[PDB]
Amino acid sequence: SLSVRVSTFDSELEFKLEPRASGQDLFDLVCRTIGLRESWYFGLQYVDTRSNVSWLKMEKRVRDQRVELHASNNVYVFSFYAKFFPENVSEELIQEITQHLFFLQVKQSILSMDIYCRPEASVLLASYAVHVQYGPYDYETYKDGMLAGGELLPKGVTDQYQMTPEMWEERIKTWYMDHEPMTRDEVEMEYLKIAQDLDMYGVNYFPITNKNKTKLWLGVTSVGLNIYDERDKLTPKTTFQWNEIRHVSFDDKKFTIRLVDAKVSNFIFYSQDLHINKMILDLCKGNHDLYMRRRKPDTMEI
């Protein structure tokens, strides 16, 4: 009686739900259907009747959360995404399915330039992406069309060099051949290990201003709160780790952050979208939970 489509980066799910279904009911159905047990990273993202991007809440009904239905033929449409990122994928991601969902989301984040990546690194990344899709390099099967699509490297990379597409393809293939004794999920993890060291990886960016009306970026990460100058998104100017922060609150456009050190002053910043200000609140609370849970590993078992 509720008609639902959920899209992960890997697959699509069409099914019906009772009109009494909570967010928890939907989340659980999705997780159990795809076999995901490391559910704490993930959420259901949709567009509300204010055309705001939101995350499904767990213990309100799906139909009481203002999902936009009109532009979709009355289907509830959701993207299943990772909302939170581990600090070290090697030690923390347990299931292949979890790894694969992170691989696809991170790679699309790089190909679309949501996160900066250097040219020579994007070639390394592309040589793994090829290995994921086609398996180990094999002279028997290799055809030039495997690399010949123009979708392996970010546009920003190829746009800043006077090279033919085939010069890029050959420089990918060279590396693709070089690292061949590897399974698929081994190279997905190699991809992720490279990607997680990118300066913009795992940072949730929000435009803010401090007391002095200086324009800054707030970066909510799995480790804490980064502060970026308005025109440098790679290198934070200062930062605060999750265990240093005691309390986060907003009133209107005004965020107040209180630190564990009682001797230190609260500090303030301004953020103009009220709906963004609740998402900032949610990302802070969620990343902080996982920060402590990571450090008590039994809380992370499946």
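The first residue of the sequence shown is number 1, and the count goes up from there.
Averaged over CA atoms, B-factors in the entry run higher in 271 to 279 than in the other of 238 to 246 and 271 to 279. Across the two stretches, 288 to 296 and 19 to 27, the PDB entry reports the greater mean Cα temperature factor for 19 to 27.
Across the options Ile34, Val53, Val260, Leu44, the residue with the most elevated CA B-factor in the record is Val53.
When the C-alpha B factors of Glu166, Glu96, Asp159, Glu140 are read from the deposited coordinates, the top value falls at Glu140. Among the modelled residues of the chain, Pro154 sits in the middle third by CA temperature factor in this PDB entry. Among the modelled residues of the chain, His100 sits in the lowest third by CA temperature factor in this PDB entry.
For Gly224, the recorded CA B-factor ranks within the lowest third of the chain. Only modelled residues enter the ranking. Ranked against the other modelled residues of its chain, the C-alpha B-factor of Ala71 as given in the entry falls in the highest third.
In this PDB entry, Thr49 carries a Cα temperature factor that places it within the highest third of its chain's modelled residues.
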